[PDB]
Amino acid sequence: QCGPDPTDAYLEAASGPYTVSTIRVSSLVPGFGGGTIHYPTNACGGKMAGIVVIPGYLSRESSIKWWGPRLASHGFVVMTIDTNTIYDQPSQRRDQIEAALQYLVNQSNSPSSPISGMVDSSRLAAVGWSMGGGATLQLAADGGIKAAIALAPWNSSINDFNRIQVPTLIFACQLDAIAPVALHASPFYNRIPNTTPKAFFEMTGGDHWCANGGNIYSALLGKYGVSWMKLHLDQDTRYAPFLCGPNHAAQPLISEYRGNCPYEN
């Protein structure tokens, strides 16, 4: 689709090619707690996919805000959000992801928004951390987003994740003591139907915050995360060989990889 041919260095860089502007979204917005819209101002032309990023229990927008610039600078409209309260529960978080996505669609079709005309509503995704990652997987099981990324997800083991038909990438944090991989990210990944494109990247040594960015894992998180959205939202197959082919487990910072490559289409 749009932009430079990708390379490892280009995808591992702290910033993608585009300058990013931001809009503050007030907490008075209906259906979620406000946040920040990130959008590129010099991307090559058309409408873009829209992405919502949601934090976990007890946590604010600031905890996941790193994903906003990193995705937006590669040609996405990306809204990092607060929930209504930091104590919100899993199904409430799932409802708020959906309200936030609806907000991006509504503002793109508004006469008073800097992102008027910029969001393609057929190409929407969610990124979520912890309880917000469990809520992202729940939304994925409902079927109405086009891609999902879960960051150290936490969820009840009673779930519908064996119904997920949405391409899903899970980042697991090897030493997670809040959502231990063996009890959360790993069984969630396993249950996703094997007819659904999926990937599992476990980060060596990571605690529960490891997949939030702004740390030693940034280069790999950003490379795989942007490649996931480019491949599955934009259908940009130039990003497939960064996800399918490489010996991911040879990386010092990868302690386990799973996937069902090649992603056919």
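All residue numbers are counted from 1 along the displayed sequence.
- Query: Of 251-259 and 13-21, which one has the bigger average CA B-factor?
  - Reply: The entry gives the higher C-alpha B-factor average to 13-21.
- Task: For the higher mean C-alpha B factor in the entry, choose 73-81 or 157-165.
- Result: Looking at the recorded C-alpha B-factors, 157-165 comes out higher on average.
- Query: Per the PDB entry, which option out of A49, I64, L58, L28 has the greatest Cα B factor?
  - Reply: When the deposited C-alpha B-factors of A49, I64, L58, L28 are compared, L28 is largest.
- Quick one: which of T195, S122, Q102, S108 has the biggest Cα B-factor according to the entry? That would be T195.
- Place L231 in the lowest, middle or highest third of its chain's C-alpha B-factors, as listed in the PDB entry. Within its chain, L231 is a middle-third residue by C-alpha B-factor, going by the deposited values.
- Task: Please place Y217 in the lowest, middle or highest third of its chain by C-alpha B factor as given in the entry.
- Result: Middle third of the chain for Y217's C-alpha B-factor.
- CA B-factor ranking of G33, expressed as a third of its chain: CA B-factor rank for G33: lowest third.
- Item | CA B-factor placement of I149, once the chain's modelled residues are sorted into thirds | Tercile = lowest for this residue's CA B-factor.
- Query: In terms of the CA temperature factor given in the entry, to which third of its chain does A141 belong: lowest, middle or highest?
  - Reply: For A141, the deposited C-alpha B-factor lands in the highest third.
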